[PDB]
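Data first, discussion second: the structure below is written as structure tokens.
Residue numbers (the deposited numbering), protein chains in the order written: chain E, 2 to 116, 147 to 192, 203 to 773, 815 to 879; chain s, 58 to 93; chain t, 58 to 93; chain D, 570 to 683; chain W, 33 to 48, 52 to 80.
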């Protein structure tokens, strides 16, 4: 999709075998500047054709094929002409590309060497193809297939299935008049016959070869509407099929009105023949005005089936043919009525998808093709499809008169089906109908007003019936710390089971504690306290983040491929929360966003687990006030290093908590306080998410590893420290050898880590500028007895 | 023109690549889970 | 900092973004192949 | 046009050690917040945030032999019809006029400091 | 993507490799000249 272009860029670079230069890494940004949700790739086709013909080697075949392709009316054709002439002009690109294509063909060759139409049968085949593409495309919808007696029982459309060489000349004119009265009725004459043709071809009219040439030529000149009616009857028949569309059946019925008038005019002509007062000039004098009326609709129907036009593409062709028949008001006003009649089904469908929001496409003709999806998946998958591929948009089934606002229309329709999935759908407060017009500012203005009212309704419903701001408020007190009582309750209780190894403890115990803390606390203000939970991260917030950050650089498979079964998980290591938000209600909570809020809570829980551990170790050495101020020397040095690292912990906490948490939270609160629509909310949510992706300094792999090593060393130090403090309490191997004035060894390791930490906060943060450096590296030397060593370390770098 | 704009572009490119890599990581996790 | 550091980083970031796009395209193609 | 002098006085108060240094020691985060802090302090406190967005910081070329007070310069975003007014040629003219104004402004500030 | 019509156009070109990835790009609402410039950028090699 969005990267199908990147894939195509790489594929094109490979196909061209372009080694020198920077490749398409910039030309892709050129296409990124040449992308739009609408299409206006029409060029001055006359100018492009002239340029192409000038550059043509065999222009006759090119012109014939160009006429056939414009008759095919395919997409991206004219923009291809706008590229073709631009490449014939780019003679340098032309020479380098003819050479590149010859080389590609030579390479492929080397690799290979080393390694008549039946109009009725065609109509039946097309009907079968349309039935198949309607049944299979519906894929679970009843196909209102008409009785096969329609394809049978021929002549249901009603078209065509005495010597005259010696006849008197005036009698010949009158007899030819009578025979013509039979011919123009889709019927045989007495001297001029008709023949069925092969494919969508005209009724090959024969004529008395013995007839007078001047009369025969006059007949041939008047015959032109003969095929215009034979084919018109075929067109009114063939496109009536529901597989030819119900709207195209209306399109054929509309033509029925005029073909009926053409019949009525032939009937009134019968009145003059029944008066015995018919003159060939009066026929032609009258046939001239009406042959044009037949011809214009004959050509428009011929193209309407030659392009197989259907859906909004057919409406596009109709509006095109309208502007193409602009210049003949005898055709322009008729097509004005034709388009007006056609709009009814189209504008009703759009308003059904828009004015009501309920797209209903039995033939799947509407642009907005709602791609069905299960809302259960999005509640658990980090990938989301509901908000992206729930209401897909079919580009081909779209009229051109709304392409510019088709995107806003799609947004309104998506929010309308959204309120339907929310079960709170109502008709729009204004439900003015859409009328076909060559003008489009009316439609676009209606679209804008509808979009405004749709925002006013849907965004209001969102901030109301869902009230996701309260869910964010709890997403802050819970899932973002900020609930001091809750966090204290967790520390006082979950310390028991987080101590037990990841497997050692029972999740029944964990969920029981999760329930009991709230039952034994004063934080009942959570009205949605049930939408919090406990999850077992099957990785470390750091180990998973390590494999993720070290992606495609040196650990795409060196560490991304790492499995946690070979390792042991800490009881606190798997600790993580879970949440539940409905698909219609609070659908903003995606598995990816829950993953982000849980990764942030994971770092927060590692931090608070360290904080409580350090605080406990400090309280554990509570005898020093009464203990010897000198004999506790192996404890006084540890008391000093305990604040040496306590400051580092408090600083690393408060920095993010005050410069990473408050900014994201308050800025997202402002953005949501001024959010407009669903996309606006998604952006204001990303203000707290994407910005929080680096607000907590979560994007540097080297810094992540350094901080993890520091945390691991401080944890080990407080572990052997707890072992020593417990041995001291009881007396009041590796663990028995973890007290050898080990404060010095721990200082050597942790201080070396902190040296590299300050080195990173100076260098890597200097290369990244930012206030993070001044807030951490500069925060690291609050007094001169923490900066002098850092200043010497900086010199020693 | 500005040079601080090039600086901010770096931050935006970093956040964009971070979201891309988060999608890649979640996708790889899903691929490993479903295929194994 | 310096003027050329930003340009060199931008060039590297663009190359890395194109590589990320290709890798995400491969991942999405694998997702389409397996799950569909 | 090197108009409201309060911003220049802010730069004198702060950028004395940074602009004094050679162009090889450019710092961006501090420069970005220098003007932001002095916009609310100097007479440019009435400058609209939109005006501060139209304004920016830029650099010309690489030359370490010049002190930043002579070397360092600003930028401005010309957008929409404002971009159609400050044409790239006109943007060049505006930048050159600002360059001459800053050359004399730096000389004047150095004289005041002397 | 009307591969039949793309090949028909390629045959009627009578010019000097299918390059239908670019046809996909042109049907991806790509500019008929922004890619024209990239055509020479890549043709330079």
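Positions of the beta carbon are idealized from the N, C-alpha and C atoms, including for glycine.
Give me whichever residues DSSP pairs with residue 591 (chain D) in a beta bridge.
Translated into positions along the fourth chain, residue 591 (chain D) becomes position 22. Its beta-bridge partners are D:636.
Leaving out five residues before and five after residue 80 (chain E) in sequence, what residues of the same chain have Cβ atoms less than 6 Å from its Cβ?
As a first step, residue 80 (chain E) must be located in the first chain, where it is residue number 79. 42.
For a contact meaning CB atoms closer than 8 Å, what does residue 76 (chain s) contact in chain E?
Looking up residue 76 (chain s) in the second chain gives position 19. Chain E residues near residue 76 (chain s): 731, 734.
Report buried or exposed for residue 148 (chain E), applying the criterion of at least 16 other Cβ atoms within 10 angstroms of its Cβ.
As a working mapping, residue 148 (chain E) is identified with position 117 in the first chain. Residue 148 (chain E) should be labelled exposed.
Residue-level contact to chain t via CB, residue 643 (chain D), 8 Å cutoff
Translated into positions along the fourth chain, residue 643 (chain D) becomes position 74. Closer than 8 Å: no.
Return the CA-CA distance between residue 530 (chain E) and residue 562 (chain E), expressed in angstroms with no decimal places.
Within the first chain, residue 530 (chain E) is the residue found at index 489, counting from 1. Within the first chain, residue 562 (chain E) is the residue found at index 521, counting from 1. Computed Cα separation, rounded: 7 Å.
Can you name the residues of chain E whose CB is closer than 7 Å to the CB of residue 598 (chain D)?
The residue labelled residue 598 (chain D) in the question sits at position 29 within the fourth chain. Near residue 598 (chain D) (Cβ distances below 7 Å), the residues of chain E are 851, 852, 853.
Can a CB atom of chain A be found closer than 8 Å to the CB of residue 707 (chain E)?
In summary, chain A is missing from the structure at hand, where the protein chains are E, s, t, D and W.
Using 8 Å as the cut-off, can you tell me whether the region 705-716 of chain E makes contact with the region 609-629 of chain E, which would need three or more C-beta pairs spanning the two stretches below that distance?
no
Residue range of the unbroken alpha helix (DSSP H) whose run includes residue 752 (chain E):
For the purposes of this step, residue 752 (chain E) is taken as the residue at position 711 of the first chain. Start and end: 742-772.
Note the first and the last residue of the continuous alpha helix (DSSP H) segment covering residue 164 (chain E).
Looking up residue 164 (chain E) in the first chain gives position 133. Note, residue 164 (chain E): alpha helix (DSSP H), 150-169.
Spatial neighbours of residue 690 (chain E) within its chain, please: CB distance less than 7 Å, with the 5 preceding and 5 following residues excluded, ordered by chain position.
Against the first chain, residue 690 (chain E) aligns to sequence position 649. Around residue 690 (chain E): 651, 652, 655.
Residue 601 (chain E): contacting residues in chain s (beta-carbon distance under 7 Å):
Stepping through the first chain from its first residue, residue 601 (chain E) is reached at position 560. Near residue 601 (chain E) (Cβ distances below 7 Å), the residues of chain s are 85.
Jot down the residue ranges of each uninterrupted alpha helix (DSSP H) in the region 572-619 of chain E, minimum 4 residues, whole runs only, in chain order.
Those alpha helix (DSSP H) runs which fall completely within the region 572-619 of chain E and span 4+ residues are 582-590.
By Cβ distance, which residues of its chain are closer than 6 Å to residue 669 (chain D), with the 5 residues on each side in sequence left out?
Locating residue 669 (chain D) in the fourth chain gives position 100, counting from the first residue. So no residue of the chain qualifies.
Residues from the region 426-443 of chain E in contact with chain s, defined by Cβ distance under 8 Å
none
Beta carbon proximity, residue 628 (chain D) to chain t, threshold 8 Å
Residue numbering aside, residue 628 (chain D) sits at position 59 when the fourth chain is read from its first letter. Chain t contact via Cβ: present.
Give the interface partners of residue 366 (chain E) over in chain s, defined as CB-CB distance under 7 Å, in chain order.
Start at 1 with the first residue of the first chain, and residue 366 (chain E) comes out as number 325. Counting only Cβ-Cβ distances below 7 Å, residue 366 (chain E) has no contacts in chain s at all, with the closest Cβ about 50 Å away.
Output the distance between the C-alpha atoms of residue 89 (chain E) and residue 82 (chain E), rounded to the nearest integer angstrom.
Numbered from 1 along the first chain, position 88 holds the residue referred to as residue 89 (chain E). Numbered from 1 along the first chain, position 81 holds the residue referred to as residue 82 (chain E). Near 10 Å, if we compare the C-alpha coordinates of residue 82 (chain E) and residue 89 (chain E).
Do the region 695-705 of chain E and the region 720-739 of chain E meet, that is, are 3 or more Cβ pairs less than 8 Å apart?
yes
For the alpha helix (DSSP H) that contains residue 67 (chain E), what are its first and last residues?
Taking the first residue of the first chain as 1, we reach residue 67 (chain E) at position 66. First-last of the alpha helix (DSSP H) with residue 67 (chain E): 60-73.
Local Cβ density within 10 Å of residue 568 (chain E), reported as buried at 16 or more and exposed below that
Position 527 of the first chain, counting from 1, holds the residue named residue 568 (chain E). Within a 10 Å sphere around the beta-carbon of residue 568 (chain E) sit fewer than 16 other beta-carbons, which makes this residue exposed.
Where does residue 434 (chain E) fall in DSSP's three states?
Start at 1 with the first residue of the first chain, and residue 434 (chain E) comes out as number 393. Note: residue 434 (chain E) maps to strand in three-state DSSP.
For residue 43 (chain W), which option in E:63, E:621, E:862, E:744 has the closest C-alpha, if you only look at C-alpha atoms?
Stepping through the fifth chain from its first residue, residue 43 (chain W) is reached at position 11. Checked all of E:63, E:621, E:862, E:744; the closest Cα to residue 43 (chain W) is E:63.
Take every Cβ of the region 398-410 of chain E, pair it with every Cβ of the region 429-439 of chain E, and state whether three or more of those distances are shorter than 8 Å.
Verdict: yes, contact present.
Residue from E:672, E:477, E:748 with nearest C-alpha to residue 587 (chain E)
Sequence index remark: in the first chain, residue 587 (chain E) carries index 546 (1-based). Nearest of E:672, E:477, E:748 to residue 587 (chain E), Cα basis: E:748.
By the 10 Å Cβ neighbour count, where 16 or more other Cβ atoms means buried, how is residue 261 (chain E) classified, buried or exposed?
Here the question's residue 261 (chain E) lines up with position 220 in the first chain. Exposed, because fewer than 16 other Cβ atoms sit within 10 Å of the Cβ of residue 261 (chain E).
C-alpha gap between residue 388 (chain E) and residue 395 (chain E), whole angstroms:
Residue 388 (chain E) sits at position 347 when you count from the first residue of the first chain. Residue 395 (chain E) sits at position 354 when you count from the first residue of the first chain. Their backbone Cα atoms lie some 9 Å apart in a straight line.
Between the beta-carbon of residue 58 (chain E) and the beta-carbon of residue 46 (chain W), is there less than 8 Å?
Taking the first residue of the first chain as position 1, residue 58 (chain E) is located at position 57. Taking the first residue of the fifth chain as position 1, residue 46 (chain W) is located at position 14. Closer than 8 Å, so yes.
Taking its Cβ as the centre, do 16 or more other Cβ atoms sit within 10 Å of residue 812 (chain E), making it buried, or is it exposed?
The residue list of chain E ends a segment at 773 and starts the next at 815, so residue 812 (chain E) has no coordinates to report.
Between residue 744 (chain E) and residue 846 (chain E), which are expected to be in contact by the criterion C-beta below 8 Å, what is the C-beta distance as a whole number of angstroms?
Position 703 of the first chain holds residue 744 (chain E). Position 764 of the first chain holds residue 846 (chain E). Their Cβ separation, rounded to whole angstroms, is 6 Å, which keeps residue 744 (chain E) and residue 846 (chain E) in contact under 8 Å.
When DSSP labels each residue in this structure, what does residue 624 (chain D) get in the three-state scheme?
Within the fourth chain, residue 624 (chain D) is the residue found at index 55, counting from 1. In the structure shown, residue 624 (chain D) sits in a strand (DSSP, three-state: E or B).
Residue range of the unbroken alpha helix (DSSP H) whose run includes residue 390 (chain E):
On the first chain, position 349 is the one that residue 390 (chain E) refers to. If you look at residue 390 (chain E), you'll find it in the alpha helix (DSSP H) that goes 370-394.
Which residues in the same chain as residue 681 (chain D) place their Cβ atom closer than 8 Å to its Cβ, once the five residues preceding and following it in sequence are excluded?
Against the fourth chain, residue 681 (chain D) aligns to sequence position 112. For residue 681 (chain D), where only same-chain residues beyond five positions count, the Cβ hits under 8 Å are 581.
Classify residue 456 (chain E) as helix, strand or coil using the three-state DSSP reduction.
The sequence position of residue 456 (chain E) within the first chain is 415, counting from 1. When DSSP states are grouped into helix, strand and coil, residue 456 (chain E) belongs to the helix group.
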